[PDB]
Structure formats: structure tokens, C-alpha cells
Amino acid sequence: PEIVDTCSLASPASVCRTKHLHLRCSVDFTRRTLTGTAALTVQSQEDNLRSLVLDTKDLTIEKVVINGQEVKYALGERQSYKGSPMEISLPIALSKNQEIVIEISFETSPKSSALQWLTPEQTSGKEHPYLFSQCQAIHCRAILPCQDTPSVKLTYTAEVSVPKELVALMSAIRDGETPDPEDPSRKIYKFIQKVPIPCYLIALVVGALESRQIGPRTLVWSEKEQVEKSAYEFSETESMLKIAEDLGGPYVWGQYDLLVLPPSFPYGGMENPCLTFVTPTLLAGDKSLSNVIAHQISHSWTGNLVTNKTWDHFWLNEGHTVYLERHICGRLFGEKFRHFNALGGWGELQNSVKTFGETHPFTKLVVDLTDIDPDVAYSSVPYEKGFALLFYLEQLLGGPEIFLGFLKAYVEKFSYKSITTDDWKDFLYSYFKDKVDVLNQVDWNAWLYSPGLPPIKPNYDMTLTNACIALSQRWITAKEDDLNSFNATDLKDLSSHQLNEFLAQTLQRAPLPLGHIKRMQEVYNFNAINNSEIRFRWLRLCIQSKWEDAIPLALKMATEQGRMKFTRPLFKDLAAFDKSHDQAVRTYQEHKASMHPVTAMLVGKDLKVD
């Protein structure tokens, strides 16, 4: 049963495994480099181990010290997105289970793919710089030497030296702060993470941060300008935590903090232990986008406790988490809401399968990331095809209450471990041994290794969705002499979620006659709405329907924020519309240098430039 991590160039967990990382680094905004030492406590899994390989990517190694002496090490040739392998020669051969501490002096590249450095003008305060990291999936090797594979979990401690005006925060418990001995204009922030965790969950942010308490164990952090809005926006957090605890068991991380990042954060939320990172585009003003927090919260169990062994099994992380996420939404807003959201998820699977091609390898639940940059393969598939499979199983095995019992057992069984799809499927059969006849009905191969839409579609309640479908159908089948019958009251009973589903249903049939679009703005005035999810969908609709007036609005949104979920589709649609083509390219080239590194790359690919 050998399964290697094709995305790593480091020695596998079967040879040696990292037990603890003690980091000591200094943040240098003048050189945009992170400098310091990483002392790795490594444990051998083999007899007579004489050397080990680590992953690195654009790092400048100064020296490697073991037992107080400098040792030999070599850096192989870069291998694109995988980076360069760093082979270290141990001074003394190790026997099984023996441990040694290897301290490495390094420095990050200003162009590290895991970090984004912001000048004062790119922040809200305008007076200070700001730095933040993003390691998922494999950018940790770009911050420090390590076994960059989720098959290895470790604990860590850290001391970060930063300018005294700023504050530092990490995916761990705060352990105090003191003045920097070797420099009076700096402070040293200390942190401790006692729960073993894969290295892609290590995070760091340094900026002019303020905090405000919103719950017994929850603090919300951000620049002074966003504090008030953030404390209200995420006020349902403690109730979400209680429900999740009841669903998966005790929360083992201690603290659950929320940090609101700069507009340029590439994703909606990142489940970093003790410190979830959220995009500021969630500040809708009405708490309507809080399901992004429920998602992050769910990972404190599925994802952070039980982890995927290699990235080929990414669906194990995201599929269960979305499934739990929707149960939290079910308990807070009703079962009909869970079905509404679940059905929207199926639509999101249809769209993604349409965009890749029904036979595209990326539409497979379990993909083979050999020679595939994980950033490139990322999509809605593992989320929605993963969710659909669990929902289908739920209905097949007797209902939500019985499947939630398997899920809690699943978490207990695999806590602090890293698993593969096969491990999951074996425990499922073991947990439901009294219903194997049923389990033997599902087409596992089609579900797990076949591309395109799932072989079978679950059953969804339509209640909350019918209203959206109905309004969408009236607009699509409407002729010119029907436009006058549309009025602002059509929307009086629709929530923000139903308004978003209406646009999604209409976007799936885009384009629409240009006159219809003008009529829609005339009566529903969608140009005024600020809900980023609805605004994004409205602007795509306009652009795809060729309305020149929306070009500037689409351009503005595509660049004032950088959540890839919006930015990538907006640039792609502007590039496909002959009227905005030239300008979309020019805008990309002008903002490129100051965009998140990963986002620049992907947008560069979509537009096919450089």
C-alpha cells in the first residue's frame, strides 16, 4: 500500500518525519525578505539514515548546522512549480526513531509565491506596510525549507521580529511580546502551536492591526477602518462554533480568531488553525455571506484534524467540510435552506463541468497531480462533486441524522492523521457494515475516477428555488412587448440568496438581448447593490450580453479586489468581448506587478499573455 506525494521533492514520511519546527525570523519590509533560522526536529523512520531531502523554492540558504557544526548540503535543479530539492548530509547516521535538530539559516525571495508585500498605499491606513502569507496548497516550500507534504504533521513555536508599530499574528496561540534585543525599533512576538498540523496550515501576517472581542473565545482582527463593520458582520460566529462542536465533537484548538485581510487576498477564507483569514468582500453589511465562516469553522475538524495524505485526495478535505458547513446552515436557517444551498452546489458543478469539458481530467473526483501545478487544477469540482457524493450517500443510507453519526465517528477515528480515499471508503464500509448491500449499489469507479457529471443526481427540495427559477424564466422568454410588465415588486419577497440564485440561473442562459439587460437595471437597479456575490454575477451578465456601459464597472471590480473567484471570471469575460479586449489586457499588465503573485500567474494564463 505505497502512496507517494508526487507534488513533493522531499524525503517521504516513510524515510523520516518532521516532529517540530522552531522558527526565528525577522520581517524586512525594505528588502521584502523574511530572514532567520528554522530548526527542524526530525525523526528517522529507517535504520542507518545518512541524508534527507527537503523542498525549497526561491529560498537563499546561508548554512545548515547540526550538533553545533556546519554540514554539507546541495540544491538540485529547479523543477518548475515544485521548486528545488535540498539534500542534506547528516554528520552521524541515525537509527530508527532517533531524532536530531537541524537548524537552517535562510532568506525568502521578494517574489516568493507564498507571500504578498503591500506598500502603505495598498492598505486602509496608508501609513504602514503589510505582509500576509498563503501556503495552501504547496507554497510553504517558498517560505522555509521543509517536507512540504500534508502526509506529515508537526508542532511549532516561533519568534518573529517586526517594526514596533506593527503587530504580528500566526496560526497559533499568542505567547507574548517583548522588545528586540538586537534592535530597539522592533518587537518580538512569540507563538506556540501544540496541536500537530500539516505545514500548509502555517500562516503569518504583519500589519497595523486592531482587535475587538466578539465572543468568549473569538477575537476579530483588522485595520482600524474595518473593525466595527467586521465585528457585526461576523457576530453569528460563536453560535456557529457551538453547533459545529455538537456535530463533530470538542473544539481542540483553544482559540478561534478571525482576521480580515486586504482586498487582495485570493480566496474567500483560509482555515488556518487559531486564525481564520477572511476576504473583506464578505462585508455585505447584512451577514448574508457568513457561510464562508461556517466553512472555515468546519475545517477545525474536517481538514485540520483529519487531513488528505496527498493532494490527489483534496476532495476528502473540501467535500466533508462543505457537507458539515451546510448542516450548520441547516440548523441556523432550516432544512429547506440546506436543500436550497445544496441545489445551488449542483448548479455550480454543472457550470464547472461545462467549462472544462465533460471528459477533462480535472472533472474527476480523485485527480492525478503528477506534473500538474495544484493552483492550475483547483476548481469547484472537489467541493461540489465531493458534496454530491456525500449527500447521495446520506439519502441512500437513511437520512441526515444517521450520516451525521458516521461523520462524527469518522473524525474521532482519524483525528491527527492523514488519510487517503481508500481509508475513507474502508471506514465507511466498516461503519455501515449492516447496509453493505446498499453500499454495493453505488458506482464507485464512476464517482471516484470518472470525469464529467456524477452518474446519479440526488433529490432536492425546490421550495426556495422555485421563485428564482420562475423570475429567471420570465426574463429569458420575454419579448420586447413584455419588458414593461417587469417592476421592482418582482423582488419584494426574495432574500439576498434568492436574488443571487436568480442571476445565476439567468447567467447560465446568457447572453440576453441588450434591451432586456437595460430594462433589468432600470427596474431592479442592480448597479446599486454592493453584495459582492450579486454584483459579480450581474456584471458578468452585462459583459456577456455586450453592454458597453458595464465595462468600466467590471474593470473597477476586477482590480479593486482580488478574490480569484471574481477576478478571474471578470478578466476572462472582458477579454472575450471585442470592445473591452484591449483594455482588459492593458489593465492586467499595469496592475500585474502589484497583484498577489499566484493571481497574476493564473490571470496571465487565462488571458494568454506573457
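Residue positions are given as counts along the sequence shown, with the first one as 1.
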Segment of higher mean CA temperature factor, 179-187 or 360-368: 179-187
71-79 set against 298-306, stretch whose average Cα temperature factor tops the other in the entry: 71-79
Selection by C-alpha B-factor (highest) of 236, 312, 286, 481: 286
Residue of maximum C-alpha B factor among 318, 99, 107, 325, per deposited coordinates: 99
Third of the chain's Cα B-factor distribution that residue 63 belongs to, per the entry: highest
Residue 384 - which third its CA temperature factor falls in, relative to the rest of the chain: lowest
Relative C-alpha B-factor of residue 29, binned into the chain's lowest, middle or highest third: highest
Entry-reported Cα temperature factor of residue 215, expressed as the chain third it lands in: lowest
Ranked against its chain, the third holding the CA B-factor of residue 16: middle
